[PDB]
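Working notes for the structure below.
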Amino acid sequence: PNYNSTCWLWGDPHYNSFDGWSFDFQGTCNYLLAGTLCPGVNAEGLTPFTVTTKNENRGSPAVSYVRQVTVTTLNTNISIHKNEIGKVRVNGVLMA
Ligand SMILES: *[C@@H]1O[C@H](CO)[C@@H](O)[C@H](O)[C@H]1NC(C)=O
């Protein structure tokens with residue numbers, strides 16, 4: 001239980017994995033940052049979870065940055081954009 005790690009995503013993008021690994025992958029449409037077991041192998045007492053992000057260019061083909069971040073757990077999807085407020089609820093209504 002004491003074990004705890006993090007995925008550190010740095011804009012302009014640069015990724016730091018849970019394990020110690022860094023790379024400079026870039027993309028243009030939404031990707032699966034993390035989620036449940038895609039093959040469904042060795043899962044006990046699993047709970048749904050999925051975090052996905054979307055990237056796009058900013059003026060040069062070779063650079064991409066993060067625009068929106070989405071999560072989805074327990075029949076509840078949370079979406080965040082660059083608007084300083086929530087916009088998180090299932091319907092997508094803006095929230096404080
Ligand atoms: C990992 O467990 C919780 C989960 O976020 C966190 O608050 C805590 O600070 C972390 N503990 C350690 C030892 O890294």
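By order of appearance in the structure tokens: chains A, B, ..., then residues from 1 within every chain, and ligands from 1 in the order shown.
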If you count only C-alpha atoms and all ligand atoms, which residues end up within 7 Å of ligand 1, as a PDB file with N, CA and C atoms, in the first residue's frame?
```pdb
ATOM      1  N   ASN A   2       2.059   1.218   0.522  1.00  0.00           N
ATOM      2  CA  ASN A   2       2.873   2.424   0.622  1.00  0.00           C
ATOM      3  C   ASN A   2       3.323   2.926  -0.743  1.00  0.00           C
ATOM      4  N   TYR A   3       3.377   2.044  -1.736  1.00  0.00           N
ATOM      5  CA  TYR A   3       3.843   2.428  -3.062  1.00  0.00           C
ATOM      6  C   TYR A   3       2.912   3.463  -3.680  1.00  0.00           C
ATOM      7  N   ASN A   4       3.500   4.507  -4.261  1.00  0.00           N
ATOM      8  CA  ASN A   4       2.733   5.583  -4.875  1.00  0.00           C
ATOM      9  C   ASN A   4       3.603   6.268  -5.919  1.00  0.00           C
ATOM     10  N   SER A   5       3.074   6.402  -7.133  1.00  0.00           N
ATOM     11  CA  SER A   5       3.780   7.023  -8.246  1.00  0.00           C
ATOM     12  C   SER A   5       2.849   8.001  -8.952  1.00  0.00           C
TER      13      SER A   5
END
```
Notebook entry, point to check: Within 12 Å of residue 61 (chain A), counting only C-alpha atoms, which residues qualify if same-chain residues fewer than 3 places away don't, as number ranges by chain?
Noted result: A: 26-28, 56-58, 64-65
Written file, previous selection with N, CA and C atoms, as a PDB file, in the first residue's frame:
```pdb
ATOM      1  N   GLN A  26       4.414  13.282 -29.641  1.00  0.00           N
ATOM      2  CA  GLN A  26       3.477  14.331 -30.007  1.00  0.00           C
ATOM      3  C   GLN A  26       2.327  13.730 -30.800  1.00  0.00           C
ATOM      4  N   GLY A  27       1.192  14.424 -30.781  1.00  0.00           N
ATOM      5  CA  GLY A  27       0.016  13.944 -31.477  1.00  0.00           C
ATOM      6  C   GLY A  27      -0.909  15.087 -31.834  1.00  0.00           C
ATOM      7  N   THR A  28      -2.051  14.725 -32.421  1.00  0.00           N
ATOM      8  CA  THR A  28      -3.025  15.706 -32.875  1.00  0.00           C
ATOM      9  C   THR A  28      -4.455  15.410 -32.445  1.00  0.00           C
ATOM     10  N   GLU A  56      -2.955  19.553 -29.690  1.00  0.00           N
ATOM     11  CA  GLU A  56      -2.994  20.154 -31.019  1.00  0.00           C
ATOM     12  C   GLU A  56      -1.815  21.106 -31.160  1.00  0.00           C
ATOM     13  N   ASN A  57      -1.552  21.504 -32.402  1.00  0.00           N
ATOM     14  CA  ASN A  57      -0.443  22.397 -32.694  1.00  0.00           C
ATOM     15  C   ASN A  57      -0.758  23.820 -32.244  1.00  0.00           C
ATOM     16  N   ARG A  58       0.286  24.652 -32.217  1.00  0.00           N
ATOM     17  CA  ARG A  58       0.162  26.039 -31.785  1.00  0.00           C
ATOM     18  C   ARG A  58       0.771  27.005 -32.796  1.00  0.00           C
ATOM     19  N   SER A  64       3.330  20.406 -30.212  1.00  0.00           N
ATOM     20  CA  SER A  64       1.938  20.207 -29.842  1.00  0.00           C
ATOM     21  C   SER A  64       1.778  20.457 -28.350  1.00  0.00           C
ATOM     22  N   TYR A  65       0.598  20.934 -27.966  1.00  0.00           N
ATOM     23  CA  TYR A  65       0.303  21.259 -26.579  1.00  0.00           C
ATOM     24  C   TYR A  65      -1.070  20.720 -26.206  1.00  0.00           C
TER      25      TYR A  65
END
```
Dump as a Markdown table the rows for residues of region 50-79 of chain A within 9 Å of region 33-36 of chain A: closest atom pair and distance in Å with one decimal, only C-alpha atoms counted, ordered by chain and rising residue number.
```
| residue | atom | partner | partner_atom | distance |
| --- | --- | --- | --- | --- |
| A:50 | CA | A:35 | CA | 3.9 |
| A:51 | CA | A:34 | CA | 5.2 |
| A:52 | CA | A:33 | CA | 4.9 |
| A:53 | CA | A:33 | CA | 6.5 |
```
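Once residue 16 (chain A) and its same-chain neighbours fewer than 6 positions away are set aside, residues 5, 6, 7, 8, 9, 10, 22, 23, 24, 25 and 33 of chain A remain within 12 Å of it when counting only C-alpha atoms.
For residue 82 (chain A), the residues within 10 Å (counting only C-alpha atoms, excluding itself and residues fewer than 5 positions away along the chain) are residues 66, 67, 68, 69 and 87 of chain A.
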Quick one: residues within 10 Å of residue 96 (chain A), only C-alpha atoms counted, chain neighbours fewer than 5 positions away excluded, as a PDB file with N, CA, C and O atoms, in the first residue's frame?
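File around25.pdb, as written:
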```pdb
ATOM      1  N   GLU A  84     -10.799  28.246 -16.730  1.00  0.00           N
ATOM      2  CA  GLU A  84     -10.653  28.606 -15.320  1.00  0.00           C
ATOM      3  C   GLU A  84     -11.816  28.146 -14.446  1.00  0.00           C
ATOM      4  O   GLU A  84     -11.850  28.498 -13.262  1.00  0.00           O
ATOM      5  N   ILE A  85     -12.760  27.370 -14.973  1.00  0.00           N
ATOM      6  CA  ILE A  85     -13.870  26.865 -14.175  1.00  0.00           C
ATOM      7  C   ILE A  85     -14.027  25.379 -14.460  1.00  0.00           C
ATOM      8  O   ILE A  85     -13.256  24.798 -15.231  1.00  0.00           O
ATOM      9  N   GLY A  86     -15.023  24.757 -13.840  1.00  0.00           N
ATOM     10  CA  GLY A  86     -15.142  23.319 -13.920  1.00  0.00           C
ATOM     11  C   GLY A  86     -15.515  22.797 -15.288  1.00  0.00           C
ATOM     12  O   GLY A  86     -14.689  22.157 -15.945  1.00  0.00           O
ATOM     13  N   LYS A  87     -16.738  23.075 -15.742  1.00  0.00           N
ATOM     14  CA  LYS A  87     -17.275  22.504 -16.978  1.00  0.00           C
ATOM     15  C   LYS A  87     -17.218  20.979 -16.953  1.00  0.00           C
ATOM     16  O   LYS A  87     -17.037  20.333 -17.990  1.00  0.00           O
ATOM     17  N   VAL A  88     -17.406  20.396 -15.766  1.00  0.00           N
ATOM     18  CA  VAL A  88     -17.011  19.015 -15.515  1.00  0.00           C
ATOM     19  C   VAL A  88     -18.169  18.030 -15.526  1.00  0.00           C
ATOM     20  O   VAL A  88     -17.957  16.851 -15.846  1.00  0.00           O
TER      21      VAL A  88
END
```
